[PDB]
>>> print(open('model-v4.cif').read())   # mmCIF, C-alpha atoms and all ligand atoms
data_structure
#
loop_
_atom_site.group_PDB
_atom_site.id
_atom_site.type_symbol
_atom_site.label_atom_id
_atom_site.label_comp_id
_atom_site.auth_asym_id
_atom_site.auth_seq_id
_atom_site.Cartn_x
_atom_site.Cartn_y
_atom_site.Cartn_z
ATOM 1 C CA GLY V 1 18.724 -1.371 -21.669
ATOM 2 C CA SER V 2 17.647 2.138 -22.629
ATOM 3 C CA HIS V 3 14.201 1.104 -23.849
ATOM 4 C CA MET V 4 12.321 2.597 -20.918
ATOM 5 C CA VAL V 5 11.952 6.144 -19.602
ATOM 6 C CA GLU V 6 8.533 6.161 -17.932
ATOM 7 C CA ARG V 7 8.753 4.624 -14.457
ATOM 8 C CA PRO V 8 5.406 3.981 -12.737
ATOM 9 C CA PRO V 9 6.274 2.540 -9.284
ATOM 10 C CA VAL V 10 4.454 -0.721 -8.653
ATOM 11 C CA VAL V 11 3.162 -0.072 -5.161
ATOM 12 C CA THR V 12 1.917 -3.583 -4.497
ATOM 13 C CA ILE V 13 -0.948 -3.626 -2.055
ATOM 14 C CA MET V 14 -0.848 -6.516 0.365
ATOM 15 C CA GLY V 15 -1.811 -7.444 3.868
ATOM 16 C CA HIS V 16 -4.504 -9.613 5.344
ATOM 17 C CA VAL V 17 -7.803 -10.556 3.776
ATOM 18 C CA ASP V 18 -11.010 -8.917 5.078
ATOM 19 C CA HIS V 19 -8.755 -5.982 5.896
ATOM 20 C CA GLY V 20 -9.514 -5.015 2.340
ATOM 21 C CA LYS V 21 -7.360 -6.870 -0.172
ATOM 22 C CA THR V 22 -9.531 -6.088 -3.198
ATOM 23 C CA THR V 23 -12.094 -3.868 -1.446
ATOM 24 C CA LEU V 24 -9.450 -1.130 -1.113
ATOM 25 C CA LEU V 25 -8.853 -1.192 -4.842
ATOM 26 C CA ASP V 26 -12.558 -0.404 -5.042
ATOM 27 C CA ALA V 27 -12.538 1.920 -2.095
ATOM 28 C CA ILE V 28 -9.673 3.775 -3.718
ATOM 29 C CA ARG V 29 -11.731 4.345 -6.883
ATOM 30 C CA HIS V 30 -14.772 5.339 -4.864
ATOM 31 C CA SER V 31 -12.628 7.894 -3.170
ATOM 32 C CA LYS V 32 -11.649 9.820 -6.311
ATOM 33 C CA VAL V 33 -9.767 9.612 -9.641
ATOM 34 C CA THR V 34 -11.681 6.808 -11.401
ATOM 35 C CA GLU V 35 -15.459 6.437 -11.514
ATOM 36 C CA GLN V 36 -16.358 5.242 -15.006
ATOM 37 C CA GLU V 37 -12.824 4.340 -16.001
ATOM 38 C CA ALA V 38 -12.453 0.642 -16.744
ATOM 39 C CA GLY V 39 -9.563 -0.011 -14.419
ATOM 40 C CA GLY V 40 -8.826 -1.152 -10.908
ATOM 41 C CA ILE V 41 -12.003 -3.133 -10.336
ATOM 42 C CA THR V 42 -13.531 -4.873 -13.340
ATOM 43 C CA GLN V 43 -12.037 -8.082 -14.772
ATOM 44 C CA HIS V 44 -9.798 -7.272 -17.720
ATOM 45 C CA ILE V 45 -6.553 -6.348 -15.956
ATOM 46 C CA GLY V 46 -6.338 -5.625 -12.250
ATOM 47 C CA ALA V 47 -5.493 -2.496 -10.256
ATOM 48 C CA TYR V 48 -4.601 0.822 -11.894
ATOM 49 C CA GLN V 49 -2.552 4.009 -11.795
ATOM 50 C CA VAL V 50 -4.052 6.392 -9.241
ATOM 51 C CA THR V 51 -4.025 10.122 -9.894
ATOM 52 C CA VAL V 52 -2.588 11.681 -6.767
ATOM 53 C CA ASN V 53 0.020 13.395 -8.828
ATOM 54 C CA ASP V 54 -0.443 12.201 -12.383
ATOM 55 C CA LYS V 55 -1.185 8.474 -12.110
ATOM 56 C CA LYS V 56 2.301 7.846 -10.747
ATOM 57 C CA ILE V 57 1.368 4.889 -8.524
ATOM 58 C CA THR V 58 0.369 1.601 -10.052
ATOM 59 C CA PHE V 59 -1.088 -0.281 -7.111
ATOM 60 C CA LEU V 60 -0.592 -4.053 -6.921
ATOM 61 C CA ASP V 61 1.378 -4.751 -10.114
ATOM 62 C CA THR V 62 1.590 -4.367 -13.858
ATOM 63 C CA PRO V 63 2.267 -7.246 -16.314
ATOM 64 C CA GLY V 64 6.021 -7.152 -16.758
ATOM 65 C CA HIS V 65 6.938 -5.439 -13.495
ATOM 66 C CA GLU V 66 5.581 -7.551 -10.663
ATOM 67 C CA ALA V 67 7.325 -6.851 -7.364
ATOM 68 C CA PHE V 68 5.406 -8.182 -4.384
ATOM 69 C CA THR V 69 2.858 -10.193 -6.348
ATOM 70 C CA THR V 70 5.479 -12.414 -7.983
ATOM 71 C CA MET V 71 9.236 -12.082 -8.499
ATOM 72 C CA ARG V 72 10.122 -13.181 -12.025
ATOM 73 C CA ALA V 73 13.781 -12.185 -11.808
ATOM 74 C CA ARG V 74 13.583 -10.653 -8.305
ATOM 75 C CA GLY V 75 15.322 -7.470 -9.434
ATOM 76 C CA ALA V 76 12.210 -5.714 -10.717
ATOM 77 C CA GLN V 77 12.609 -3.249 -7.873
ATOM 78 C CA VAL V 78 14.049 0.182 -8.614
ATOM 79 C CA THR V 79 12.564 2.288 -5.804
ATOM 80 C CA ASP V 80 9.177 0.675 -5.399
ATOM 81 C CA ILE V 81 6.994 0.608 -2.300
ATOM 82 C CA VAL V 82 4.714 -1.973 -0.696
ATOM 83 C CA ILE V 83 1.473 -1.267 1.056
ATOM 84 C CA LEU V 84 0.678 -3.467 3.945
ATOM 85 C CA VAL V 85 -2.974 -3.344 4.931
ATOM 86 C CA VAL V 86 -3.764 -4.313 8.503
ATOM 87 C CA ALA V 87 -7.195 -3.877 10.009
ATOM 88 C CA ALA V 88 -6.976 -2.081 13.347
ATOM 89 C CA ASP V 89 -9.609 -4.440 14.612
ATOM 90 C CA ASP V 90 -7.790 -7.578 13.474
ATOM 91 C CA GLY V 91 -4.093 -6.772 13.089
ATOM 92 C CA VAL V 92 -1.421 -9.138 11.826
ATOM 93 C CA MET V 93 -2.765 -12.471 10.665
ATOM 94 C CA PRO V 94 -1.430 -15.511 8.655
ATOM 95 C CA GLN V 95 -1.348 -14.071 5.117
ATOM 96 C CA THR V 96 -0.537 -10.680 6.588
ATOM 97 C CA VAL V 97 2.804 -12.027 7.676
ATOM 98 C CA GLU V 98 3.375 -13.744 4.358
ATOM 99 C CA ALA V 99 2.985 -10.281 2.859
ATOM 100 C CA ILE V 100 5.576 -9.029 5.345
ATOM 101 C CA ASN V 101 7.826 -11.972 4.706
ATOM 102 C CA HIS V 102 7.730 -11.132 1.004
ATOM 103 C CA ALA V 103 8.382 -7.464 1.773
ATOM 104 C CA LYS V 104 11.318 -8.031 4.150
ATOM 105 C CA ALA V 105 12.633 -10.725 1.859
ATOM 106 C CA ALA V 106 13.393 -7.879 -0.527
ATOM 107 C CA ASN V 107 13.627 -5.483 2.438
ATOM 108 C CA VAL V 108 11.588 -2.775 0.836
ATOM 109 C CA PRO V 109 10.248 0.299 2.678
ATOM 110 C CA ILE V 110 6.618 -0.179 3.560
ATOM 111 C CA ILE V 111 3.439 1.846 3.503
ATOM 112 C CA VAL V 112 1.266 0.291 6.131
ATOM 113 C CA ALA V 113 -2.340 1.186 6.381
ATOM 114 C CA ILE V 114 -4.369 0.371 9.432
ATOM 115 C CA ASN V 115 -7.962 0.198 8.198
ATOM 116 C CA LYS V 116 -11.200 -0.140 10.006
ATOM 117 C CA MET V 117 -10.486 3.018 11.951
ATOM 118 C CA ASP V 118 -14.102 3.643 11.169
ATOM 119 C CA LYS V 119 -14.674 0.926 13.749
ATOM 120 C CA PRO V 120 -14.783 2.207 17.353
ATOM 121 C CA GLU V 121 -12.938 -1.041 18.071
ATOM 122 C CA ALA V 122 -10.037 0.261 15.969
ATOM 123 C CA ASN V 123 -6.733 -0.441 17.655
ATOM 124 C CA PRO V 124 -4.321 1.148 15.192
ATOM 125 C CA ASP V 125 -1.167 1.611 17.195
ATOM 126 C CA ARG V 126 -1.807 -1.878 18.532
ATOM 127 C CA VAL V 127 -1.840 -3.649 15.204
ATOM 128 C CA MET V 128 0.819 -1.153 14.127
ATOM 129 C CA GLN V 129 3.071 -2.565 16.841
ATOM 130 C CA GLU V 130 2.558 -6.101 15.536
ATOM 131 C CA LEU V 131 4.169 -4.886 12.341
ATOM 132 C CA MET V 132 7.229 -3.760 14.253
ATOM 133 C CA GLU V 133 7.273 -7.241 15.737
ATOM 134 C CA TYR V 134 8.033 -8.421 12.245
ATOM 135 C CA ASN V 135 10.487 -5.504 12.346
ATOM 136 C CA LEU V 136 8.320 -3.041 10.489
ATOM 137 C CA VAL V 137 8.944 0.210 12.237
ATOM 138 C CA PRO V 138 7.100 3.371 11.253
ATOM 139 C CA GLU V 139 8.941 6.550 10.463
ATOM 140 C CA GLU V 140 7.059 8.151 13.321
ATOM 141 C CA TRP V 141 9.224 5.821 15.410
ATOM 142 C CA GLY V 142 12.341 5.856 13.245
ATOM 143 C CA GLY V 143 12.264 2.484 11.503
ATOM 144 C CA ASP V 144 11.602 2.238 7.767
ATOM 145 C CA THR V 145 7.872 2.320 7.060
ATOM 146 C CA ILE V 146 5.195 4.956 6.592
ATOM 147 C CA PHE V 147 2.053 3.879 8.416
ATOM 148 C CA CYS V 148 -1.372 5.311 7.860
ATOM 149 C CA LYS V 149 -4.241 4.826 10.324
ATOM 150 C CA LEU V 150 -7.107 4.954 7.877
ATOM 151 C CA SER V 151 -10.630 3.827 7.391
ATOM 152 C CA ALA V 152 -11.396 2.721 3.883
ATOM 153 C CA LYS V 153 -14.938 2.300 5.142
ATOM 154 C CA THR V 154 -15.519 5.907 6.246
ATOM 155 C CA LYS V 155 -13.276 6.958 3.361
ATOM 156 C CA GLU V 156 -11.056 9.067 5.521
ATOM 157 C CA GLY V 157 -7.570 7.672 5.520
ATOM 158 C CA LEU V 158 -7.620 6.697 1.849
ATOM 159 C CA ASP V 159 -7.285 10.372 1.128
ATOM 160 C CA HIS V 160 -4.622 10.721 3.815
ATOM 161 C CA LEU V 161 -2.837 7.698 2.309
ATOM 162 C CA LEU V 162 -2.307 9.160 -1.150
ATOM 163 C CA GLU V 163 -1.008 12.261 0.643
ATOM 164 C CA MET V 164 1.710 10.226 2.335
ATOM 165 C CA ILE V 165 2.309 8.553 -1.006
ATOM 166 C CA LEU V 166 2.820 11.875 -2.817
ATOM 167 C CA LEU V 167 5.068 12.997 0.001
ATOM 168 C CA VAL V 168 7.172 9.943 -0.773
ATOM 169 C CA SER V 169 6.695 10.518 -4.519
ATOM 170 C CA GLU V 170 8.162 14.003 -4.108
ATOM 171 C CA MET V 171 11.058 12.928 -1.877
ATOM 172 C CA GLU V 172 11.590 9.867 -4.132
ATOM 173 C CA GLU V 173 14.903 11.223 -5.458
ATOM 174 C CA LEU V 174 17.181 11.874 -2.464
ATOM 175 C CA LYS V 175 14.997 13.193 0.342
ATOM 176 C CA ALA V 176 14.771 11.063 3.458
ATOM 177 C CA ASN V 177 17.038 12.792 5.940
ATOM 178 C CA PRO V 178 17.208 16.267 4.257
HETATM 179 N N1 LIG F 201 -14.594 -1.848 8.684
HETATM 180 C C1 LIG F 201 -13.942 -1.966 7.518
HETATM 181 N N2 LIG F 201 -14.154 -3.027 6.759
HETATM 182 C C2 LIG F 201 -13.427 -2.990 5.622
HETATM 183 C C3 LIG F 201 -12.547 -2.016 5.202
HETATM 184 N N3 LIG F 201 -11.998 -2.348 3.971
HETATM 185 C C4 LIG F 201 -12.546 -3.495 3.674
HETATM 186 N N4 LIG F 201 -13.421 -3.944 4.630
HETATM 187 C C5 LIG F 201 -14.181 -5.190 4.614
HETATM 188 O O1 LIG F 201 -13.404 -6.189 3.995
HETATM 189 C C6 LIG F 201 -14.320 -7.213 3.549
HETATM 190 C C7 LIG F 201 -13.632 -8.100 2.538
HETATM 191 O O2 LIG F 201 -13.412 -7.398 1.317
HETATM 192 P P1 LIG F 201 -13.256 -8.207 -0.067
HETATM 193 O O3 LIG F 201 -12.602 -7.232 -1.018
HETATM 194 O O4 LIG F 201 -14.593 -8.731 -0.438
HETATM 195 O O5 LIG F 201 -12.289 -9.355 0.386
HETATM 196 P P2 LIG F 201 -10.643 -9.525 0.173
HETATM 197 O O6 LIG F 201 -10.352 -8.746 -1.099
HETATM 198 O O7 LIG F 201 -10.443 -10.999 0.032
HETATM 199 O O8 LIG F 201 -10.023 -8.898 1.439
HETATM 200 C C8 LIG F 201 -15.524 -6.425 3.041
HETATM 201 O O9 LIG F 201 -16.728 -7.147 3.269
HETATM 202 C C9 LIG F 201 -15.494 -5.111 3.832
HETATM 203 O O10 LIG F 201 -16.570 -5.028 4.748
HETATM 204 C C10 LIG F 201 -12.331 -0.880 6.028
HETATM 205 O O11 LIG F 201 -11.580 0.083 5.837
HETATM 206 N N5 LIG F 201 -13.086 -0.938 7.197
#
>>> encode(input="model-v4.cif", output="C-alpha cells")
Amino acid sequence: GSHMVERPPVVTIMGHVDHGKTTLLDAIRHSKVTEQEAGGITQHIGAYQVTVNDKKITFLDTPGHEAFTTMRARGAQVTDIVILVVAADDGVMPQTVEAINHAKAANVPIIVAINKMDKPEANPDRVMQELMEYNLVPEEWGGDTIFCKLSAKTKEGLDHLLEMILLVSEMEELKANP
C-alpha cells in the first residue's frame, strides 16, 4: 500500500567468513561517513546507511526489509543489490556459495568485492572466476554483476566500492544499456 515513499535499498553484504563478514562493516566506517555514530558496529542494531550519496545504501538488512539475510515473504526485493565478499587469497568457500545460492535463488544482480588485495598473494580475477562458475559474471565480462577488487585492509577498494555503488544508484532507474 501507499504507506511508504522512502526506499533505502538493502544491499545485503554476504560472502565467506574471514573475507570480512563483519570486519567490512567496521572497515566501511573506518573508511569514512561514521566515526562516532552509533551504527554499523556496536550491538544495538546491526549495519547502517552509508553516506556515499545521502545514506542511500543500508548494508546487510533493516528490520522489516530483509532480503538476503532472511526472506519473510520473499518479495521484499524491489531493486535491491547483494554484495558478495570473496577474499582474493581464499576465493569461493562453503558459506560463500550459500551466499551465492541465496542470491541466485532470487537471481539478483551482485556486487562482488574481492578483498585482501592488500595481500601480495591476492588473486582477484582468479577468485572472481569462481564466482562465474556459480554463474556470477561481472559486467566487465557481460554477465550480471559488478565486481570490485578491493582491499578492506589497505582501505583502498572500499572507497572504489561505494563509487561503483553510486554509479548503480544513479543508473538505478533505467540505465543499464543506455
Ligand atoms: N587481508 C585482509 N584481511 C581482511 C580483510 N577484511 C577482513 N579481513 C580479516 O578478516 C578477519 C575476520 O574478520 P571478523 O569480522 O572478525 O570475522 P567474520 O565477520 O566472521 O568474517 C579479520 O581478522 C581480518 O584480518 C581485508 O580486506 N584484507
>>> residues_near_point(input="model-v4.cif", point="(-3.0, 5.0, 16.8)", cutoff="10 Å", atoms="all atoms listed in the file", output="list in words")
residues 88, 114, 117, 122, 123, 124, 125, 126, 127, 128, 129, 147, 148, 149 and 150 of chain V
>>> write_last_selection(input="model-v4.cif", atoms="C-alpha atoms", output="mmCIF file, in the coordinates of the input")
data_model
loop_
_atom_site.group_PDB
_atom_site.id
_atom_site.type_symbol
_atom_site.label_atom_id
_atom_site.label_comp_id
_atom_site.auth_asym_id
_atom_site.auth_seq_id
_atom_site.Cartn_x
_atom_site.Cartn_y
_atom_site.Cartn_z
ATOM 1 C CA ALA V 88 -6.976 -2.081 13.347
ATOM 2 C CA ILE V 114 -4.369 0.371 9.432
ATOM 3 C CA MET V 117 -10.486 3.018 11.951
ATOM 4 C CA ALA V 122 -10.037 0.261 15.969
ATOM 5 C CA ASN V 123 -6.733 -0.441 17.655
ATOM 6 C CA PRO V 124 -4.321 1.148 15.192
ATOM 7 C CA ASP V 125 -1.167 1.611 17.195
ATOM 8 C CA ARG V 126 -1.807 -1.878 18.532
ATOM 9 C CA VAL V 127 -1.840 -3.649 15.204
ATOM 10 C CA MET V 128 0.819 -1.153 14.127
ATOM 11 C CA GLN V 129 3.071 -2.565 16.841
ATOM 12 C CA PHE V 147 2.053 3.879 8.416
ATOM 13 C CA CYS V 148 -1.372 5.311 7.860
ATOM 14 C CA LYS V 149 -4.241 4.826 10.324
ATOM 15 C CA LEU V 150 -7.107 4.954 7.877
#
>>> residues_near_ligand(input="model-v4.cif", ligand="ligand LIG 201 (chain F)", cutoff="10 Å", atoms="all atoms listed in the file", output="count of residues only")
39
>>> resolve_selection(input="model-v4.cif", expression="the PyMOL selection byres (((chain V and resi 62-77) around 10) and not hetatm)", output="count of residues only")
29
>>> atom_distance(input="model-v4.cif", atom1="CA of residue 40 (chain V)", atom2="CA of residue 167 (chain V)")
22.6 Å
>>> closest_residue(input="model-v4.cif", among="V:52, V:28, V:33, V:132", to="residue 170 (chain V)", atoms="all atoms listed in the file")
V:52
>>> atom_distance(input="model-v4.cif", atom1="CA of residue 54 (chain V)", atom2="CA of residue 4 (chain V)")
18.1 Å
>>> atom_distance(input="model-v4.cif", atom1="CA of residue 174 (chain V)", atom2="CA of residue 84 (chain V)")
23.4 Å
>>> residues_around(input="model-v4.cif", residues="residue 138 (chain V)", least_positions_apart="6", cutoff="9 Å", atoms="all atoms listed in the file", output="MDAnalysis selection string")
chainID V and resid 110:112 128 131:132 144:147
>>> closest_residue(input="model-v4.cif", among="V:98, V:90, V:56, V:29", to="residue 165 (chain V)", atoms="all atoms listed in the file")
V:56
>>> closest_residue(input="model-v4.cif", among="V:97, V:166, V:51, V:43", to="residue 133 (chain V)", atoms="only C-alpha atoms")
V:97
>>> axis_aligned_box(input="model-v4.cif", around="region 15-28 of chain V", padding_each_side="6 Å", output="AutoDock Vina command-line options")
--center_x -7.2 --center_y -3.4 --center_z 0.4 --size_x 22.7 --size_y 26.3 --size_z 22.9
>>> closest_residue(input="model-v4.cif", among="V:6, V:178, V:135, V:50", to="residue 163 (chain V)", atoms="only C-alpha atoms")
V:50
>>> build_atoms(input="model-v4.cif", residues="region 74-94 of chain V", atoms="N, CA and C atoms", output="PDB file, in the frame of the given file")
ATOM      1  N   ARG V  74      13.317 -11.303  -9.596  1.00  0.00           N
ATOM      2  CA  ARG V  74      13.583 -10.653  -8.305  1.00  0.00           C
ATOM      3  C   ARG V  74      13.878  -9.160  -8.472  1.00  0.00           C
ATOM      4  N   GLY V  75      14.873  -8.840  -9.289  1.00  0.00           N
ATOM      5  CA  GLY V  75      15.322  -7.470  -9.434  1.00  0.00           C
ATOM      6  C   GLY V  75      14.433  -6.632 -10.332  1.00  0.00           C
ATOM      7  N   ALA V  76      13.149  -6.580 -10.011  1.00  0.00           N
ATOM      8  CA  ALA V  76      12.210  -5.714 -10.717  1.00  0.00           C
ATOM      9  C   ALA V  76      12.013  -4.429  -9.924  1.00  0.00           C
ATOM     10  N   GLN V  77      12.688  -4.375  -8.785  1.00  0.00           N
ATOM     11  CA  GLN V  77      12.609  -3.249  -7.873  1.00  0.00           C
ATOM     12  C   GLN V  77      13.626  -2.178  -8.248  1.00  0.00           C
ATOM     13  N   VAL V  78      13.160  -0.948  -8.379  1.00  0.00           N
ATOM     14  CA  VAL V  78      14.049   0.182  -8.614  1.00  0.00           C
ATOM     15  C   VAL V  78      14.013   1.134  -7.417  1.00  0.00           C
ATOM     16  N   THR V  79      12.801   1.474  -6.993  1.00  0.00           N
ATOM     17  CA  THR V  79      12.564   2.288  -5.804  1.00  0.00           C
ATOM     18  C   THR V  79      11.099   2.164  -5.419  1.00  0.00           C
ATOM     19  N   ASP V  80      10.593   0.950  -5.554  1.00  0.00           N
ATOM     20  CA  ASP V  80       9.177   0.675  -5.399  1.00  0.00           C
ATOM     21  C   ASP V  80       8.802   0.546  -3.930  1.00  0.00           C
ATOM     22  N   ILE V  81       7.505   0.582  -3.661  1.00  0.00           N
ATOM     23  CA  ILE V  81       6.994   0.608  -2.300  1.00  0.00           C
ATOM     24  C   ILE V  81       5.925  -0.466  -2.134  1.00  0.00           C
ATOM     25  N   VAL V  82       5.790  -1.024  -0.937  1.00  0.00           N
ATOM     26  CA  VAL V  82       4.714  -1.973  -0.696  1.00  0.00           C
ATOM     27  C   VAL V  82       3.760  -1.442   0.356  1.00  0.00           C
ATOM     28  N   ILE V  83       2.488  -1.600   0.093  1.00  0.00           N
ATOM     29  CA  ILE V  83       1.473  -1.267   1.056  1.00  0.00           C
ATOM     30  C   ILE V  83       1.052  -2.497   1.803  1.00  0.00           C
ATOM     31  N   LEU V  84       1.067  -2.385   3.098  1.00  0.00           N
ATOM     32  CA  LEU V  84       0.678  -3.467   3.945  1.00  0.00           C
ATOM     33  C   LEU V  84      -0.588  -3.052   4.686  1.00  0.00           C
ATOM     34  N   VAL V  85      -1.699  -3.666   4.335  1.00  0.00           N
ATOM     35  CA  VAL V  85      -2.974  -3.344   4.931  1.00  0.00           C
ATOM     36  C   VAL V  85      -3.257  -4.237   6.134  1.00  0.00           C
ATOM     37  N   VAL V  86      -3.393  -3.612   7.293  1.00  0.00           N
ATOM     38  CA  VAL V  86      -3.764  -4.313   8.503  1.00  0.00           C
ATOM     39  C   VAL V  86      -4.944  -3.628   9.167  1.00  0.00           C
ATOM     40  N   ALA V  87      -6.020  -4.368   9.322  1.00  0.00           N
ATOM     41  CA  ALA V  87      -7.195  -3.877  10.009  1.00  0.00           C
ATOM     42  C   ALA V  87      -6.878  -3.611  11.470  1.00  0.00           C
ATOM     43  N   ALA V  88      -7.266  -2.444  11.968  1.00  0.00           N
ATOM     44  CA  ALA V  88      -6.976  -2.081  13.347  1.00  0.00           C
ATOM     45  C   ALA V  88      -7.747  -2.954  14.303  1.00  0.00           C
ATOM     46  N   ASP V  89      -8.772  -3.586  13.785  1.00  0.00           N
ATOM     47  CA  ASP V  89      -9.609  -4.440  14.612  1.00  0.00           C
ATOM     48  C   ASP V  89      -9.093  -5.878  14.627  1.00  0.00           C
ATOM     49  N   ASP V  90      -8.202  -6.194  13.694  1.00  0.00           N
ATOM     50  CA  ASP V  90      -7.790  -7.578  13.474  1.00  0.00           C
ATOM     51  C   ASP V  90      -6.273  -7.718  13.606  1.00  0.00           C
ATOM     52  N   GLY V  91      -5.541  -6.818  12.953  1.00  0.00           N
ATOM     53  CA  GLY V  91      -4.093  -6.772  13.089  1.00  0.00           C
ATOM     54  C   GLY V  91      -3.379  -7.746  12.174  1.00  0.00           C
ATOM     55  N   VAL V  92      -2.218  -8.200  12.604  1.00  0.00           N
ATOM     56  CA  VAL V  92      -1.421  -9.138  11.826  1.00  0.00           C
ATOM     57  C   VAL V  92      -1.974 -10.551  11.944  1.00  0.00           C
ATOM     58  N   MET V  93      -2.167 -11.153  10.791  1.00  0.00           N
ATOM     59  CA  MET V  93      -2.765 -12.471  10.665  1.00  0.00           C
ATOM     60  C   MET V  93      -1.878 -13.326   9.745  1.00  0.00           C
ATOM     61  N   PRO V  94      -2.236 -14.600   9.482  1.00  0.00           N
ATOM     62  CA  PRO V  94      -1.430 -15.511   8.655  1.00  0.00           C
ATOM     63  C   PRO V  94      -0.899 -14.892   7.357  1.00  0.00           C
TER      64      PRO V  94
END
